[PDB]
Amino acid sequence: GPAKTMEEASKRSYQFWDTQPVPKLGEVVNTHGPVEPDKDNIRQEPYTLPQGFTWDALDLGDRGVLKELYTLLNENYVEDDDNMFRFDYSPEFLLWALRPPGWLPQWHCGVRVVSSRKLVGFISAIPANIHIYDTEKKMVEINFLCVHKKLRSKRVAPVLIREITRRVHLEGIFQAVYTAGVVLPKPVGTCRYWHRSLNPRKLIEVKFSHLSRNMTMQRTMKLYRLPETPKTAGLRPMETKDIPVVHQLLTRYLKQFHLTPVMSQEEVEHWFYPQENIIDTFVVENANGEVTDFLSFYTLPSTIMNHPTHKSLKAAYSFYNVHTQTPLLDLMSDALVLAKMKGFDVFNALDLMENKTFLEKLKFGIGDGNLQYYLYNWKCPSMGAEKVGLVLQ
């Protein structure tokens, strides 16, 4: 069973994670470097799966295979604390997240039932250059670890982790970054989700949020009402011509944080060029024609389980927001208006980077879920949320 708190986790004994090159939960880290040296010979054979299951690298270019992955995640991926909502990553979103520049087919690591061919497990890696304190490292980002509900608590997650580690090691990469809602050895940083109601009536109806102690429904709606149009001058969707300046603005802005991505210009195009129902980016082009700011949020809806009338929650997630002339609070205020305009029910954001300067003023409510950040085979001091400058899908 998984722990949600550093104090409840420190009671626990980590059978799998004790074997891994990550620091112990209790120990304090005053060093900067790999937990273990790079390996110069790597196991050539895939790790043994339980009887009746086989490895299968998923070609997400095949529409049918992509649909299989959608279904596995739609039915077996992350749920809330109370089993009321589940992530509903779209097929198109999964392509965006899993085929960035440098993606590899063998890093789309799935598990299939031998007889039926049913997809029952998945884990993924994508390449990413990561700046951690004073070191820049080629790493991978691990994401979408999923074991079918009927396969849980059978030690299948550790063989998925070890197999993707083997396949990443084969490409000469020995560090990784990943997040989780549970506590594991050992978080480099702990971030908290905050939520901004956009359609507060639907949220309360489906029990995503709740009426505050002494507030009517009519009052909750007036509180969360937003303008129909953003206020910032020159705000417009990102275009192809904005790719270099967006890359420039992002690269300089991220320097103030201690855990950041380092994106090429092609990676900036992939992660920020707007795709409807996936990623939205708006730039601020001023009176001189100069792009000075940009905001971005990605689309991640959720399934509402066991509700006869409301089936889906449309959530927007704060991505990367860079300000150099427009105040961050004005920038994020326009993000809320834009999200409201696009039919989103809620706008989610973490307390990382400078987000705490605007969360309360813009009527975000603190969430019940922490997002722990972890590094694999890298030792470094932990950092506060405001020093985390990395957002994953």
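All residue numbers are counted from 1 along the displayed sequence. We call the rigid core whatever largest set of C-alpha positions still superposes within 1.5 Å between the two forms.
Between 310-318 and 101-109, the larger mean CA deviation from the shown form in 8 other deposited structures of this protein, after core superposition, belongs to 310-318. The PDB entry records a higher mean C-alpha B factor for 33-41 than for its counterpart among 333-341 and 33-41.
For the pair 94-102 and 177-185, the record assigns the higher mean C-alpha temperature factor to 177-185.
The residue among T281, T216, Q256, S264 whose C-alpha atom has the highest B-factor in the PDB entry is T216.
Within the selection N74, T251, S296, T220, the deposited Cα B-factor values reach their highest point at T220. Annotation for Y224: CA B-factor lies in the highest third of the chain's modelled residues. Among all modelled residues in this chain, the alpha-carbon of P200 has a temperature factor (C-alpha) in the highest third.
Per-chain ranking of the deposited C-alpha B factor places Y376 in the lowest third. In this PDB entry, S312 carries a Cα temperature factor that places it within the highest third of its chain's modelled residues. Among all modelled residues in its chain, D242 ranks in the lowest third by Cα B-factor.
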